[PDB]
Enquirer: 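Sending over a structure as structure tokens; questions will come in a sec.
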Amino acid sequence: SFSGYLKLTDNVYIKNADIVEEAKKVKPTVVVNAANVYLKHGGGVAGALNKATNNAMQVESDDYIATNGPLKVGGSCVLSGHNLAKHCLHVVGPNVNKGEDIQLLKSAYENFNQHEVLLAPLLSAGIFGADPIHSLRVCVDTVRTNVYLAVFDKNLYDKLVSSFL
Ligand SMILES: Nc1nc2ccc([C@@H]3CCC[C@H]3C(=O)O)cc2s1
């Protein structure tokens, strides 16, 4: 069960934790991956989640692309969670450093509403270049189901809690 979270709003909770370790302890119904449109999990949260499955997530993802084609920015797909969760919801936030529209961050977070409870990272807040505090605001304004956010970096976590509480 989710332990040590701080409740920010009626439905958004936050913890300073590594999402891979949270997934292995809780084994939630849904873990969110911060993915790209071809589901190539090369680094960031995507690389860490794929490595914790010993590349099983990548083999499954390449088969999903071969049959279905790439996702759209703001879109998602549900695949196995392997040893981390029952399911992995792979969500594509905009890569604003490559000119993708920040408005698509709202569409990205809307995918979370299809699941009652999710363990997730902040979208577009890694190498995708969005300001992480702006990404948390979009999450709060868009997600209506129960989301447990895991923020690895303690300096970032303290910044987020100071601005949202
Ligand atoms: N093993 C892990 N590797 C990563 C890499 C990056 C991150 C996320 C991506 C966006 C914000 C950052 C964070 O929470 O500090 C979390 C994790 S957990």
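Throughout, residue positions are numbered sequentially from 1 according to the sequence presented. Note that ligands are numbered from 1 as they come in the structure, with each ligand's atoms numbered from 1 the same way.
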Enquirer: Just need the protein heavy atom nearest to atom 18 (S) of ligand 1, so name the residue and atom and give the distance.
Expert: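 Nearest neighbour among protein heavy atoms for atom 18 (S) of ligand 1, to 0.1 Å: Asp18 OD1, 3.1 Å.
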Enquirer: Kindly indicate whether a cation-pi arrangement holds for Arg144 with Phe112, taking the cut-offs as under 6.0 Å to the six-membered ring centre and within 45° of the axis.
Expert: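 Not flagged: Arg144 not positioned over aromatic ring of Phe112.
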Enquirer: Return the NE2 to NE2 distance between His87 and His115, rounded to the nearest 0.5 Å.
Expert: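 If we round to the nearest 0.5 Å, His87:NE2 and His115:NE2 are 7.5 Å apart.
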Enquirer: I'd like to check which ligand 1 atoms, numbered from 1 as shown, lie under 4.0 Å from a non-hydrogen atom of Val151.
Expert: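 Those atoms are 14 (O).
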Enquirer: Could you tell me whether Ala48 approaches ligand 1 through its side chain, its backbone, both or neither, with non-hydrogen atoms closer than 4.0 Å?
Expert: side chain
Enquirer: Just to confirm my output: which protein heavy-atom neighbour is closest to atom 15 (O) of ligand 1, and how far is it?
Expert: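 Sorting protein heavy atoms by distance from atom 15 (O) of ligand 1 puts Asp153 N, 3.1 Å first.
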Enquirer: Among all protein non-hydrogen atoms, which one is nearest to atom 17 (C) of ligand 1, and what is the separation to 0.1 Å?
Expert: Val45 CG2, 3.7 Å
Enquirer: Report the nearest protein non-hydrogen atom to atom 11 (C) of ligand 1: residue, atom name, distance rounded to 0.1 Å.
Expert: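 Among all protein heavy atoms, the one nearest atom 11 (C) of ligand 1 is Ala125 O, 4.1 Å.
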Enquirer: Identify, by atom number and element, the atoms of ligand 1 in contact range of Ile19, meaning under 4.0 Å from any of its heavy atoms.
Expert: 18 (S)
Enquirer: Tell me which protein heavy atom sits closest to atom 13 (C) of ligand 1, plus the residue, atom name and distance to 0.1 Å.
Expert: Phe152 N, 3.5 Å
Enquirer: Does ligand 1 have an atom under 4.0 Å from some heavy atom of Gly44?
Expert: yes
Enquirer: Looking only at atom types and distance, does a side-chain atom of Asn111 sit under 3.5 Å from a main-chain N or O of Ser107, one as donor and one as acceptor?
Expert: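 Checking the backbone N and O of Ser107 against the side chain of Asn111, a donor-acceptor pair under 3.5 Å is found.
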Enquirer: Distance-only, no hydrogens or angles: does the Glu60 side chain make a donor-acceptor pair with backbone N or O of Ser80 under 3.5 Å?
Expert: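 Confirmed, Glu60 side chain pairs with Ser80 backbone.
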Enquirer: For the side chain of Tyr109 and the backbone of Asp141, is there at least one donor-acceptor N/O pair under 3.5 Å apart?
Expert: no
Enquirer: Could you tell me how the ring of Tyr13 sits relative to the ring of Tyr148: parallel (under 30°), tilted (30 to 60°) or perpendicular (over 60°)?
Expert: parallel
Enquirer: Distance from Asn16 atom CG to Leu149 atom CG, nearest 0.5 Å?
Expert: 12.5 Å
